[PDB]
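Following the deposited numbering, the numbering of the first sequence begins with 210 at its first residue and continues without gaps. A virtual CB, placed ideally from N, CA and C, is assigned to each residue, including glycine.
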Amino acid sequence: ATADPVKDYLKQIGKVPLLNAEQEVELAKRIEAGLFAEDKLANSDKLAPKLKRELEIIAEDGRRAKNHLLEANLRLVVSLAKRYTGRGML
DNA sequence: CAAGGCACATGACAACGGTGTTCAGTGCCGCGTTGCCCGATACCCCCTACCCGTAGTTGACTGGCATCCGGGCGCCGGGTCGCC
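Laid out in structure tokens, this is it:
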């Protein structure tokens, strides 16, 4: 909590793990795994409770991987925003 | 010389003259205002042209910006860390 909140935002980015090819391809594999898990859960057909909880856990892990990609690439957006700054928008 | 007999005019007499009222009736005609007939018009339709919003675009491309000093001047007031 300081002045010039952009500096605070960069500090909020902090140190996060940059992803090498294997890392993000595996992460996206887990993303589509969670996608299929939630697709199965959304179906009105009855699924066993333990299987439904497992699918929910897989979907949650997928969400975490999404967040990891977001935070890792936060640095990428800040550079792109600088690429367009100084045109009447903050 | 006085009395009796004839002319012209005379006290009224109505009835025309001419015109003024009045009745009483019926209109005459003053303006106000109705019933027409047209021209334009606002209000439905169809058509397409162009504005306005939405959705994509695959080598790679991973942290920015320039601040700010010569007020000046003092005070309040709180915070802030030493102090013994």
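Checklist entry - Apart from the five residues just before and just after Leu283, which ones in its own chain have a Cβ nearer than 6 Å to its Cβ? => result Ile222
Checklist entry - Should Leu219 and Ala281 be called a contact, given that it needs their Cβ atoms to be closer than 8 Å? => result no
Item to check | Where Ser288 falls: helix, strand or coil (DSSP) | outcome: helix
Item to check | Distance between beta carbons of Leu264 and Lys249, contact taken as under 8 Å | outcome: 6 Å
Checklist entry - Roughly how many angstroms separate the alpha carbons of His277 and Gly297, rounded to a whole number? => result 31 Å
Checklist entry - Below 8 Å between beta carbons: does that hold for residue 310 and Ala268? => result In this structure the chain extends from 210 to 299, so residue 310 is not present and cannot be described.
Item to check | Neighbour-count burial assignment, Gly295, 16 or more Cβ in a 10 Å radius | outcome: exposed
Item to check | Contact check, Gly271 vs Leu299, beta carbons under 8 Å | outcome: no
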